[PDB]
Amino acid sequence: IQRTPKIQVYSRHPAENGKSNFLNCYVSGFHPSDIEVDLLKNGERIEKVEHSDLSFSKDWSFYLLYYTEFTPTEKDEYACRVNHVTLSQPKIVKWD
Amino acid sequence: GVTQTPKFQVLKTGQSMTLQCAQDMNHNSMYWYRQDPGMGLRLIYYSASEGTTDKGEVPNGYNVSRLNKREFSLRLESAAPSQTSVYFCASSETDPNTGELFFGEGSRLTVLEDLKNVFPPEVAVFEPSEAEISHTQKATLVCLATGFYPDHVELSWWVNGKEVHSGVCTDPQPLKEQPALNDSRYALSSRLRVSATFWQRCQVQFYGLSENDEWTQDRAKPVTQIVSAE
Amino acid sequence: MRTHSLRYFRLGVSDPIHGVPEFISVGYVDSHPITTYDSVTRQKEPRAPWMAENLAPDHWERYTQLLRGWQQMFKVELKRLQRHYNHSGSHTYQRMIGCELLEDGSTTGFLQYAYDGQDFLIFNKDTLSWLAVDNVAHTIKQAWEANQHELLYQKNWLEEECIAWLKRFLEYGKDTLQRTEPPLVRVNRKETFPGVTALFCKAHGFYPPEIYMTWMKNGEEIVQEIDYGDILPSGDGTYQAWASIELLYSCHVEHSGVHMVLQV
Amino acid sequence: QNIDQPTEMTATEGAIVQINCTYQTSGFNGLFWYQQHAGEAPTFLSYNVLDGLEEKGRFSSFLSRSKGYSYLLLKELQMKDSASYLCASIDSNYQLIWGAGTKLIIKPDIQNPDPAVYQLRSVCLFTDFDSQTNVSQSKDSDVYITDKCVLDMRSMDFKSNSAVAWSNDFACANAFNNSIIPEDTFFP
Ligand SMILES: *[C@H](C)/C=N/c1c(NC[C@H](O)[C@H](O)[C@H](O)CO)[nH]c(=O)[nH]c1=O
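Protein chains in written order, with the entry's author numbering: chain B, 1 to 96; chain F, 3 to 202, 209 to 238; chain A, 0 to 246, 253 to 269; chain E, 2 to 122, 130 to 176, 179 to 198.
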């Protein structure tokens, strides 16, 4: 029984174009532990990405938090690219 | 179970030394302890599982090596008279241990400045008093192993080629022949009691020097030997 | 105080993927990671500054040796599980031990194991027995249950020693674990699909993570489908959540003993 | 921190003895009792972590986690019970803290006492006294006196007490003068 990661892309504070913020990507509910996560800006991987350590759930699944400091703009499209054994191809999840 | 060697050892200040320990039980945890008079066992070094060791309460003057899952050898690099103690090697299934801690036979190690005072004992047997035989109808033989150093002896009583235990009493600690002196030699008494009609050998095993120990004295080398009286 | 908890996790992976450590063991006081150990570092380190400050080297020194042995037992226990199940390749072994010190002073204790991210063995400290999910778990159960000393010790740890550590850490991290950061709640109304009006109750910047949120109609609870948002970390030690309805209505929030009502 | 038990305890054979052990530790993961015969390796007697009394034949172990104490109860005492009894507690960091040990001395039940000092063959024997009398050490450093020893003649179901005095002035009559001996001591 392999469980696929639940990907949630959200901001620290209610987003406002031009106002400095943090973009978070919370990958959780997966099994096994081997996960690959990257935060994207218009398709390109962000290098300045601070993340949490692999954390543990009571249901035996695992969770993580990947985050980057960003300034939302109308022009700019953010996303979170994840890969796991359950995934045949890395899953890109666009930020609403 | 836990096999630890040697039972006794005489060292000169500064001599290297290795105590061996091996376990049959497939235990993961192994421990090296010392037992000193007046205080509780003191952990020297321990191995929680194969591939790790760590300092105990008294690690100075020692080092260990967990050779494999079965062997845990202790090492005294430069022996010091403070290291004169009884070393116990122990093992347990896992660490932390909530089960039986298995102990090795023990290793009596004595560290001295020089070996010039190491002496084997003199063994003498005293026949029962005619008075006791007529008053109690019992006969008490007495044995004295005297003038030995260090306290590395094992007294046994032998009635007709066979060792005895019934009617036997050996002192649990030897007496210091010169109590004021730091290197006092030892004296140890034993008593074997038989009936008057049964009356109508004392064996002491001294653990001293070995071949490797250099001896440059006029008197005979105080090597490991059995001293007797009949 | 509110409900607080202590937990220690262990993860054992057979045949790992080059980067993945063979063993990892992490401790938490609630949502907070406090300790970490792995087969790569081969050391127990703090995961909170207040852990580093309040525990002397002898604590990290000892528990590091303990964990190396625990790491070894996990490798053997996983290999043996695979042998029973007749399993090849990479498989996982997990353990969770812990305790809760409830709002009312009452306590709870747990110790359970899992193979391939699924419940394997579940300890019952009240009956001093192991609950086996299958016949492989049953064989390990019969074996483990043979050592009454270990079971009794496991009960004492969970019931006494665990709560005692949890109480220590709560004091160590008093400024963090015991603080209360009230939520910033707002209501968002939107004409979505023609007719459908979606009301969003969104809360943010609150600590502790445990928040209650619901929607009510005319004063009574909604007999309609409320969609609930997960309590997510904001990344600054605070949390965010939400609850929506398809429409008078009022949003009800309880967080850390304070009730809140937001009418539309 | 500190594990405390008595240094020594003395009881009569056939009676009961309770060896107490108090642990003043930073946390508690179990308490042990080990037996150690003079000049031998220690051996596991018991392990107690939860509250209660546990019987293993003539030996019983009790623990009170609240009271921070445990005892070893030895019933129907035998001469073979003469050993040291080590207790050891596990702290919250899982480290064993050992007590100094309790030397248990068992006094034999001497059914027919017959105190006497005999001369062997440069050696004086003090024998057949009751377990109540005590042998004191030597005054002159030229004279050597050994403490009381107990021999069991299993065949004749007879136990006896003996002290030995030897020297290089020394006479048997004078041999045990530094000790309080029975008034009825036989001097042949
Ligand atoms: C620092 C104290 C890390 N400890 C640690 C523990 N500690 C809890 C407990 O003593 C242990 O689980 C025993 O085996 C209970 O019988 N547990 C753990 O799994 N990981 C740790 O890092």
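Yeah, the Cβ is synthetic: ideal placement off N, Cα and C, and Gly gets one too.
Sequence-distant residues of the same chain with beta carbon closer than 6 Å to residue i, five excluded per side
i      : result
E:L159 : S168
A:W49  : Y171, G172
A:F8   : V25, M95
F:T86  : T112, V113
B:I92  : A79, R81
F:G108 : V88, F90
E:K76  : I17, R59
B:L40  : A79, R81
F:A237 : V125, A126, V127, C210
F:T54  : none
A:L120 : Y112, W129, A136
Cβ-Cβ distance between residue i and residue j below 7 Å
i      : j      : result
F:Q6   : F:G101 : no
E:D138 : E:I111 : yes
F:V235 : F:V125 : yes
B:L87  : B:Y26  : no
E:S71  : E:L64  : yes
B:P32  : A:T35  : no
F:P130 : F:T138 : no
E:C22  : E:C88  : yes
A:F199 : A:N187 : yes
E:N94  : A:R61  : yes
E:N176 : E:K147 : no
F:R72  : F:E59  : no
F:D185 : F:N119 : yes
A:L151 : E:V50  : yes
F:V212 : F:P98  : no
F:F214 : F:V155 : yes
E:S62  : E:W34  : yes
A:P208 : A:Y238 : yes
A:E99  : A:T2   : yes
Reduced DSSP secondary structure (H/G/I, E/B, other) of residue i
i      : result
A:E190 : strand
F:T232 : coil
A:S38  : coil
F:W201 : helix
E:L51  : coil
B:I35  : coil
A:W69  : helix
A:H58  : helix
A:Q111 : strand
A:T63  : helix
A:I96  : strand
A:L77  : helix
A:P232 : strand
F:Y151 : strand
A:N53  : helix
A:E209 : coil
Contact test: residue i Cβ vs ligand 2 heavy atom, cutoff 6 Å
i      : result
A:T196 : Inclusion of ligand 2 in the displayed structure is not the case, the ligand content consisting of ligand 1 alone.
Close-in-space but distant-in-sequence residues of the same chain around residue i (CB under 8 Å, 5 per side omitted)
i      : result
A:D229 : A240
E:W174 : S130, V131, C132, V151, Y152
F:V166 : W159, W160, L194
A:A51  : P45
A:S89  : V12, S13, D14, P15, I16
Residues of its chain near residue i, where Cβ-Cβ distance is below 7 Å and the 5 sequence neighbours each way are ignored
i      : result
A:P20  : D37, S38, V39
F:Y64  : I46, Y47, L76, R77, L78
F:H29  : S93, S94, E95
F:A198 : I135, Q139, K140, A141
A:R46  : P32, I33, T34, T35
Looking at C-beta atoms only, is the number of pairs between the region 22-30 of chain B and the region 206-213 of chain A that lie closer than 8 Å three or more?
-> no
Okay, do the region 188-195 of chain F and the region 128-148 of chain F touch, 3+ Cβ pairs below 8 Å being the bar? yes
query = Should the region 116-136 of chain A be regarded as contacting the region 9-27 of chain E, the criterion being three or more beta carbon pairs within less than 8 Å?
reply = no
Q) Pairing CB atoms from the region 33-52 of chain F with CB atoms from the region 59-77 of chain B, are three or more of them under 8 Å? A) no
Does the region 47-56 of chain B come within contact of the region 2-21 of chain B, defined as at least 3 CB pairs closer than 8 Å? no
### Message
Quick check on the DSSP output: what are the complete alpha helix (DSSP H) runs of length 4 or more inside the region 120-194 of chain A, in order along the chain?
### Response
134-143, 147-155, 162-171, 173-176
Is there contact between the region 171-191 of chain A and the region 102-116 of chain E, where contact requires at least three CB pairs shorter than 8 Å?
By the Cβ test, the region 171-191 of chain A is not in contact with the region 102-116 of chain E, since fewer than three Cβ pairs between them sit closer than 8 Å.
Is it true that the region 77-91 of chain F meets the region 14-24 of chain F, where meeting means three or more beta-carbon pairs spaced less than 8 Å apart? Touching, yes, given that three or more Cβ pairs across the two stretches are closer than 8 Å.
- Query: Counting Cβ pairs closer than 8 Å, one from the region 176-195 of chain A and one from the region 255-263 of chain A, do we hit at least three?
  - Reply: yes
_Extract the residue ranges of the alpha helix (DSSP H) inside the region 54-97 of chain F, only unbroken runs of 4 or more that lie entirely within it._
none
Practice prompt. Scan the region 24-107 of chain E and note each continuous beta strand (DSSP E) run of 3 residues or more that stays entirely inside, going in chain order.
Written response: 32-37, 44-49, 53-57, 60-65, 70-75, 84-91, 97-99
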